[PDB]
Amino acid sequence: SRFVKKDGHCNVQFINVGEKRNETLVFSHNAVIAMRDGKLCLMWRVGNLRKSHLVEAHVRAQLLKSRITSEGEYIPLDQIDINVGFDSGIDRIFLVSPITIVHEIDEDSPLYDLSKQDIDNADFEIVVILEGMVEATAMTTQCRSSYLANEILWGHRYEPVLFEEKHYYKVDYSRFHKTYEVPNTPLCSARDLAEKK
């Protein structure tokens, strides 16, 4: 029943992990946008197929997009930060079971004015990073991945992979990339939801 034991070990068992070809940090194939605790959020999944703990793990993200300044300066692929908790320190994660990374689309978010329709014709790329030190090694690892606009499933949630069994927990990685539609999901941008109230 306890996820973590008094000595540090975790009562978790992983099934459907696949060949050792994986056994490393992994990102969900798709990204999603949906309501969470009353706010429109951009979310994606991260998992450690390996068997060791990832020390001082922390996540980052950036929206890549070319732009022109008022000065007329052209910038190839400006890198705009996507807030995933740095300010409060919740960008730092304890990864044992797959975690869902959440980005609140607030007034400061670069996606603040994007609706489902906008995302359809959008032309940007979101780069996601996971970094940390693999247990028993002196090397800090940097796992990367990316989500194009058309790779973001609006109105979807991730299928649970953590199941509570008898005095123990099991993680089913065959559900890692799985998502499901949530019709009730608002279709307007986060900004419209802010004014709507």
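Don't overthink the numbering: it's just position in the shown sequence, from 1.
Look at the mean CA B-factor for 30 to 38 and for 66 to 74 in the entry; the higher one is 66 to 74. Higher mean CA temperature factor between 169 to 177 and 11 to 19: 11 to 19, per the PDB entry.
Highest C-alpha temperature factor among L153, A138, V46, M43 per the entry: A138. Note on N83, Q117, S88, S97: the highest value goes to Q117, judged by CA B factor as recorded. When all modelled residues of the chain are sorted by CA temperature factor, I105 is found within the middle third. Placement of the Cα temperature factor of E164 within the chain: highest third of the modelled residues, per the deposited record.
Remark: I126 belongs to the lowest third of its chain, ranked by C-alpha B-factor as recorded.
Among all modelled residues in this chain, the alpha-carbon of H53 has a temperature factor (C-alpha) in the middle third.
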